[PDB]
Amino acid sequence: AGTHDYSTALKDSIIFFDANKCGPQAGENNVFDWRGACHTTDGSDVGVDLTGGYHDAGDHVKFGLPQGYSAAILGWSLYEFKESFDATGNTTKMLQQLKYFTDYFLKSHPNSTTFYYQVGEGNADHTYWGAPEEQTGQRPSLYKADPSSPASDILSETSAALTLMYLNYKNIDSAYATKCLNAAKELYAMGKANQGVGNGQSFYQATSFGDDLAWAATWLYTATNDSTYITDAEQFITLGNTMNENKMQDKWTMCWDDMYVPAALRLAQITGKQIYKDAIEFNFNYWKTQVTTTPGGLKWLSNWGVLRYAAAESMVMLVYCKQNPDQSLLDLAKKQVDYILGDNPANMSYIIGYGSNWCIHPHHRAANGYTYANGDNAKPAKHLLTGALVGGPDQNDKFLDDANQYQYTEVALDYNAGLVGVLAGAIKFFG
């Protein structure tokens, strides 16, 4: 299409988070009348109020790594493209989605050296299909980070999210903002004290934490101006590196498990070093010609959550373009966004509730609104999951609209985090 309504897409992408809110206040100021209080006793098994936060995807478990990553990317979006939110009247809602995240992180940090990061057990949770408001029983506070149990990546992403909130909220409620920064400082300290990836069962198996520590450290520098954080960052981003001169050539993109590119981007801005500019340029060059492109024009990184990847890489490029105007990057980013919005061989918006001909069988329990009963869960979702970015098509641009095909129909917090950011960027550069 010649013109695209990026403004409305942004509004919807932010609204999506309401669908996954968890806790007794889940229905407060929620745009979906079909969402209400749920899992209201989370944490009782350990004597700590762990209610709040968000259901991870189409399920109801609260996984620490993707929860932290999502809050950090949403915070980054508002920080870099604030004007996009102000001019479209979405700043208020955005700040509300962010605080729902941070309130949960603060409650999960009862003391300076403790952080609970997973509520629920994935295997058992997935055997259930119904409304989260009706899923009774005490959920286990399965994982916790402390001096003897490492979770550097989870702790760092959560830390980054809290620092970004301090930066985005200090002109509204400076007291709350500082509570976030204090917590961010402590979670970061925990992460570098005992180094190791956190636990996420078979669902979120982590492989790196040096990327996360560096990322969290750059934000702490921005907030405090204490250069010791940058000294940490430069050392952590090279942990485990076995390459020549510590060369960083990431053939992937920004995602819950890999934050080497965003970390490199910030270090490039803060230190001006060539090593980081090279890393960023390699990843951008790699996506330009090495990443598979479908006949329809979509950059296809892998089979699961393919659009989540395209949007995430595009957001990084747009942040980069603010100080480094690169038309090749603006063109690639715009094509991926417009593809998601409807410019594709399937002639469908990949954002539910936006555009036309969207996914009617989302793999989302609350929106589906049915049970496993007579396989009713196979019927078209009862409610409109406004703003949800679905997994996407195959490398042939074909989309299979079926709840059983998780690869195509599931949605998740990490999916939409990058979408909000890329849309905020599209508004700034393309109007």
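Throughout, we count residues from 1 along the sequence that is shown.
Across the two stretches, 106-114 and 318-326, the PDB entry reports the greater mean Cα temperature factor for 318-326. A summary of the deposited B-factors shows that, of 70-78 and 187-195, the stretch with the larger mean C-alpha value is 187-195. Reading the B-factor column for the CA atoms of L267, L167, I360, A217 in the entry, the top value corresponds to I360.
Per the PDB entry, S227 shows the highest C-alpha temperature factor of the residues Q97, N182, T91, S227. Split the chain's modelled residues into thirds by C-alpha temperature factor. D402 is in the highest one. Annotation for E234: CA B-factor lies in the middle third of the chain's modelled residues. Among the modelled residues of the chain, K334 sits in the middle third by CA temperature factor in this PDB entry. Ranked by Cα temperature factor within the chain, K277 sits in the middle third according to the deposited record. Residue-level temperature factors show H55 in the lowest third of its chain, judged at the C-alpha atom.
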